[PDB]
Structure formats: structure tokens, C-alpha cells
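This report concerns only the one structure given below.
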């Protein structure tokens, strides 16, 4: 298994090839290789976006937003690594 996959399974979920994560499952960055995507059942505490350095972008920002959780501001979306 890839170096960080078994690690990631407990952290940010399992690790498939692509961001084709089912629901509720979030493409949580990458586990070991960028070639694959980490995917965890993102329901309750899984707002873990900040672990990946989930960014916060204002409604005027043009970023690939929607990581997980709510940012300090209320109209802001947690964005996956700008």
C-alpha cells in the first residue's frame, strides 16, 4: 500500500485514484501520492478541512471552494488549498 494511505485511512479516510468520492465523502487532498485522493465519510466531525490547511475565501474570491466546515466569517466558504 502507498506510504501514507494506511496512515490516511484513520485520518482523512481511504484513498482512491480520483476525486470521484461518493457521498458523504470528501476528496480530502491527497494521502500519499497526488495521483490518488483521500476520502473520508464527511458527516459530523469530518469538517477537518483545516488539517489540510483549508483556506477561507470571501464571496468575491474566485477559488475552487468547498473544503469542509464553516469559516470564521459566515458568508465565507472553506476552500481547498488555493
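Every residue number used here counts from 1 along the chain in the order it is shown.
Per deposition record, solution NMR.
Note that Cβ sites are derived from N, Cα and C of the backbone, with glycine treated the same way.
Here's what Swiss-Prot has on this protein:
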type	residues	note
DISULFID	8-38	disulfide bond
DISULFID	15-31	disulfide bond
DISULFID	21-39	disulfide bond
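Positions of the features from Swiss-Prot, shown on the structure.
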residue	record	CB count, 10 Å
8	disulfide bond	23
15	disulfide bond	24
21	disulfide bond	19
31	disulfide bond	26
38	disulfide bond	26
39	disulfide bond	23
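When the alpha carbons of residue 8 (disulfide bond) and residue 15 (disulfide bond) are compared, the span between them is 7 angstrom.
A straight line from the CA of residue 31 (disulfide bond) to the CA of residue 21 (disulfide bond) spans 14 Å. Across the structure, residue 15 (disulfide bond) and residue 38 (disulfide bond) are spaced 4 Å apart at their Cα atoms. In this structure, the CA atom of residue 21 (disulfide bond) is 9 Å away from the CA atom of residue 38 (disulfide bond).
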